[PDB]
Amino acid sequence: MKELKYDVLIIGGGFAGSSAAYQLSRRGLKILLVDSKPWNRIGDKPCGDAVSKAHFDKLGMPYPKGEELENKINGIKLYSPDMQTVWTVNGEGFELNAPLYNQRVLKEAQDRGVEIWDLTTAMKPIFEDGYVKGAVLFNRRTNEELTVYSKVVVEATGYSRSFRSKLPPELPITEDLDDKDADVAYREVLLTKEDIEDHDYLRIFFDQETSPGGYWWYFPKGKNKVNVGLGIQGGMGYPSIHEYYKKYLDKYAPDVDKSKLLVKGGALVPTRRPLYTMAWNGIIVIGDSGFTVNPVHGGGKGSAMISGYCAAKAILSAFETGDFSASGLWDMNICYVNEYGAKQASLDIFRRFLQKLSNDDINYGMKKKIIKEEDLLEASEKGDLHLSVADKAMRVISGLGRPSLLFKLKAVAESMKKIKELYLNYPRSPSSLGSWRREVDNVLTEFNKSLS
C-alpha cells in the first residue's frame, strides 16, 4: 500500500484532538489529523455543551463567537434532593454549538499548516521495535488504505479509546477503565413552551434516586431552548439510563415541548484520575481516552483542551532532544498533572464520597450550609478541600443525631490532601512510575475501605 511520513499523527478530531493540532501548528512540524466522522459531524458527540470561559483564556484558545456560541452563562444553580435548598454559583461560561466551534478550531489549524482527513479511521496501530510508529488509516472518501508513519501518535479517540486499546497490554498506556470509575450520561435538546427563567444560569439537580452516582442538569441554550439530561454511575447494576430519563424528565423539565426535539443521545463519561502515564514510547493520550474529565461534575471539554496544550508542549520538547521515548515525552504528564491532573486525583477521592451520600445527607448538608460558596468552587477549581474548611463543616455535622457518612468528611479531606501531594510529586522518570502507581493505588484502596 501507499506509505506517507509525518512528524505527528493525531487520531481524533474532538476537543482534545483539535486543541492539540491548534497548539502545535506553525512550529516546524508536519502534522496530520484524522477523524472517522464527516467534517460537518465532527465533535457532535452527545454533550452538555457547557464550558467555562477560564479554559479559553488560560490556553490562548479563541473565544466561541457567532453561531458557535448559543448562550452566555453567568452562573450555576445547584438544587437539593427535596428542592428546598438552592445554591447559586457565579462564573462566566459558554453554552456551545460544539460541532460548529470544533470545526473552526480544525479549520484554523488547517490554515496554519495542519493537514486534516475526514472520514478517516485509524484501524491498525504500527508497533515496531517496542515503539509506536504510526497507524494504518482507512480514508473511505477516497477508499484508500494508507500506512502513515509518525514519530509521535496523539491518541484522542474519545471514551471509545479505539486505537490505544489495540496496542500490546504490556504498555502502561493501555490502562483500561474500571466500570465504577465512570458514569453513563444521556441528554436531549428541546424547545420550551414557555421562556426559560434565568436562561443565563445552568441548573444542576442532586438526587441519588433519580440519578444515583451522578445528577440531573438543565442547560439553557437560549430563551426557549434547553439541554436537559442526566448521568448515573456505571458498574453498579442500575437499569438503563433512558429509564431514569423517561421517568423523571417532567420533574426537572416540565416546560419542554416534547414535540420539538432537536437532538438526542448519550455516551460514557470517565470520572477518575487521568491515565497514570499519558505518554509512552511514540504515543501521547489525551481527552476522554486519557480520562481527563473532572470526576465531580463530569466536565471534560475544558480539560481536554488542556491535555492537548500539554501534548503540544511535550511533543515540541521531544523534537528538541530527538527523544520520542516515554522519557522524552514525559513532560506531557508533568504539564497536565500540574494543570488539571493533580486536581482530578483529589476529586477522584471526593467523588467516591459524594456518590455514597444519601439524599438525607445532601439535604442536611445544603440547608445547614456546611460550606459556603467561597469554599465550594475553591474545591471544584483547585481540587482543594482545606482542613480549616473541613473542620468548620464538621462542627455543623456534629449537630446531627443520626448515623451518617458525613462524619467522615475530615478523613476524606485528609485523603484528598494526601493524594494531592502524591500527584504533585509525580515521578520525574518513567523508571519510577511503577513505584508511584502502586502508592496511589494503596491510597485509593485504603480510602475505599474507610468509607465502610
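Residue positions are given as counts along the sequence shown, with the first one as 1.
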* Structure fact -> Between 327 to 335 and 242 to 250, the record assigns the higher mean Cα B factor to 242 to 250
* Of 437 to 445 and 14 to 22, the one with larger mean CA B-factor -> 14 to 22
* **Largest Cα B-factor, entry values, listed residues 391, 414, 421, 67** => 67
* Can you tell me which of 348, 361, 175, 381 has the highest Cα temperature factor in the record? -> 381
* Modelled-residue ranking by C-alpha temperature factor, third containing residue 262 -> highest
* Going by the recorded CA B-factors, say which third of the chain residue 182 sits in, lowest, middle or highest. => lowest
* Lowest, middle or highest third: where is residue 397 by Cα B-factor in its chain? -> middle
* Asked: With respect to C-alpha B-factor, does residue 387 fall in the lowest, middle or highest third of the chain as deposited?
  -> middle
* Position of residue 138 among the chain's modelled residues by C-alpha B-factor, lowest, middle or highest third -> highest
